[PDB]
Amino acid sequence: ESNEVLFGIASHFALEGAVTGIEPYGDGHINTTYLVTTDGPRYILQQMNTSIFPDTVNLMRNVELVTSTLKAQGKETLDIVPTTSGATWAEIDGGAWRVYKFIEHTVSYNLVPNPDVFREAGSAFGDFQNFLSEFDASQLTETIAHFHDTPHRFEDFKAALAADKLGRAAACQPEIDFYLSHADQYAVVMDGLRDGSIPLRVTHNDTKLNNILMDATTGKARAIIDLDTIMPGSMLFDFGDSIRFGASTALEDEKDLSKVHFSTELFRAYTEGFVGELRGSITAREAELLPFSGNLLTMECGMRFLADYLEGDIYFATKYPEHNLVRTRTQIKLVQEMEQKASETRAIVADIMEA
């Protein structure tokens, strides 16, 4: 948006300083995020993506419930800055906008620099699972249906493939055939949720590493952000998605595949932190599926990148025409290595579950 438009939006909110700038900020793919600089405090301004989250009222109800529950336990979280009339968000000229306080003195990572950082991530999301267990499913309505319903995602992928709107399929047959060949593997968690062998839990559902802000001095997790997808699911969605993003030796959009590897050392570090917090609640069946949850969420995310490529990049923000194909390729490479290391990761979980 133009400066005039953005400064107008900012005037709707109860900011505590004169605005000096509003500039696009961050590595988010979904909403449109801006850093608001003032003569004092900083803020994050977001235009919510209503094509992805059409029910803005229900989304903000969830975010308000979660954050207010955290605040009422004295725990740092996203602090909604209300409109000047007290609302949690504003509809302005056909757009939905919200503001959060900028969480100060933090660092975050798109790539794990050392195992200790990833262990801390495990602890943070493991702790968040315990926190979320205080809610029953009925209090937090789904903001996106079938969100980690991988067979449903696969139906969407197949439709995108058959349509082949842009004629992009010709150049990515190996990637396409990887997802088609693994069709048999996509239902394991959904089947377990449906038959009761996997507990339905309230989960975060987007547990990539850069959704944890860590303190710049202590290195400890300060807050979990990106709260839009909190809804019922399986623990395995949170665990798997964390491994997908954070157990890689490379960025999600690394162009050089020779740099992309699945690290069992990082897998171990995360699992130590995560299971360390959840040892009391994790069932036998959940533990059995911990390694495969990595494969599953990486395949789901990968297929979603490739479907989006085939559809002309309507879902995820991209920086260049082939960006989503570059992204799907890293996810495939990762899964190829998770398959190769399946015995090793099984052993890691068993070791941790005992000691």
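Don't overthink the numbering: it's just position in the shown sequence, from 1.
Participant: Mean CA temperature factor from the deposited coordinates, higher in 161-169 or in 218-226?
Facilitator: Per the PDB record, 161-169.
Participant: Between 33-41 and 297-305, name whichever shows the higher mean Cα B factor according to the PDB entry.
Facilitator: Taking the mean C-alpha B-factor of 33-41 and of 297-305, the larger value falls to 33-41.
Participant: Looking at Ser108, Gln185, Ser248, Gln129, which has the highest CA B-factor as recorded?
Facilitator: Reading the PDB entry, the winner on C-alpha B-factor is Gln129.
Participant: Going by the deposited entry, which of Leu325, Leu59, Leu70, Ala287 has the highest CA temperature factor?
Facilitator: In the PDB entry, the greatest C-alpha B-factor among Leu325, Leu59, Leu70, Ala287 is found at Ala287.
Participant: Splitting the chain's C-alpha B-factors into thirds, which one does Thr83 fall into?
Facilitator: It belongs to the lowest third of the chain when residues are ordered by C-alpha B-factor.
Participant: Check where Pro232 lands among this chain's C-alpha B-factors and tell me if it's the lowest, middle or highest third.
Facilitator: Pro232: CA B-factor falls in the middle third of its chain.
Participant: Considering only modelled residues of the same chain, in which third does the CA B-factor of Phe274 rank: lowest, middle or highest?
Facilitator: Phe274: CA B-factor falls in the highest third of its chain.
Participant: Within this chain, which third does the Cα B-factor at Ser123 fall in: lowest, middle or highest?
Facilitator: It falls in the middle third of the chain.
Participant: Going by what the PDB entry lists, where does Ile22 fall on CA B-factor within its chain: lowest, middle or highest third?
Facilitator: Middle third - that is where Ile22 ends up once the chain's C-alpha B-factors are sorted.
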